[PDB]
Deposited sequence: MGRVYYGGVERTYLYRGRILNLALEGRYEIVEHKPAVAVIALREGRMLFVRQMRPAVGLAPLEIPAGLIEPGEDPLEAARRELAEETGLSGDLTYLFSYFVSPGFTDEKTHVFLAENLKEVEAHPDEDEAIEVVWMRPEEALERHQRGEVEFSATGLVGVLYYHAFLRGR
């Protein structure tokens, strides 16, 4: 593996014929409350739009997935809760090693009453999010879709 670029959140490498993008692991948090799922939106320069995502972030040096999940939920929404590890997935194993760990957040509590408004909190019924996407009103990130699908599969009971 030869390196063409070493950066902030990623490294571009070449492994023979394969173009590989090394990337820090990430976490995502699925939170449901009274029928509404906690979605978030922020302008994403990579796509030039703000897709419907769920609280997510990169794992910091020294912390594990669980700790990153707790911190992410807190920084984005000022909330904490009972977190349970659900599953993990490689975002696109064909070119990047980015791995995402997904957690479920229950019994949410306020720990902080973001002042910069960098992240838009969008509480919405998953059925409504799916409906809007099917209509072409909003785009989904992998985490947003996973949250929607996970809800319909196991959280209606």
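- Message: What are the C-alpha gaps when you align the coordinates back onto the deposited sequence?
- Response: Those parts of the chain that were deposited but carry no coordinates are 1 to 10, 124 to 125, 170.
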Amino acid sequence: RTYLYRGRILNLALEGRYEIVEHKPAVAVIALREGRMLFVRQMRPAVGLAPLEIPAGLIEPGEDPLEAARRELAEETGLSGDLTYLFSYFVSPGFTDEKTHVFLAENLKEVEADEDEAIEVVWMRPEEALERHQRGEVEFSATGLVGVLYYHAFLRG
From here on, numbers count along this sequence of modelled residues.
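Whichever C-alpha set is largest while still superposing within 1.5 Å between the two forms counts as the rigid core.
- Item | Higher-deviation stretch (C-alpha RMS, rigid core fit) in 7 other deposited structures of this protein, choosing from 104 to 112 and 122 to 130 | So, of the two stretches, the farther one in 7 other deposited structures of this protein is 104 to 112.
- May I ask whether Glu117 is missing from the deposited models in at least a third of the other compared entries? Yes.
- Message: On mean Cα temperature factor in this entry, is 86 to 94 or 102 to 110 the higher one?
- Response: According to the PDB entry, the answer is 102 to 110.
- Item | Comparing 138 to 146 with 12 to 20, the one whose average Cα B-factor in the PDB entry is higher | Here the higher of the two C-alpha B-factor means belongs to 12 to 20.
- Item | Most elevated Cα B-factor in the entry, residues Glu60, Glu127, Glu115, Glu120 | In this record, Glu115 carries the highest C-alpha B-factor of the candidates.
- Task: Relative to the other modelled residues of the same chain, rank the CA B-factor of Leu52 and answer lowest, middle or highest third.
- Result: For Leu52, the deposited C-alpha B-factor lands in the lowest third.
- Select lowest, middle or highest to describe the third in which the CA B-factor of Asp64 falls within its chain in this entry. Middle third of the chain for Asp64's C-alpha B-factor.
- Determine, from the deposited record, the chain-internal third of the Cα B-factor for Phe154: lowest, middle or highest. Ranked within chain, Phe154 CA B lands in the middle tercile.
- Task: Looking at the entry's B-factor column for C-alpha atoms only, identify whether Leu32 ranks in the lowest, middle or highest third of its chain.
- Result: Ranked within chain, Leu32 CA B lands in the middle tercile.
- Report the third (lowest, middle or highest) to which the CA temperature factor of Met43 belongs, ranking only the modelled residues of the same chain. It belongs to the highest third of the chain when residues are ordered by C-alpha B-factor.
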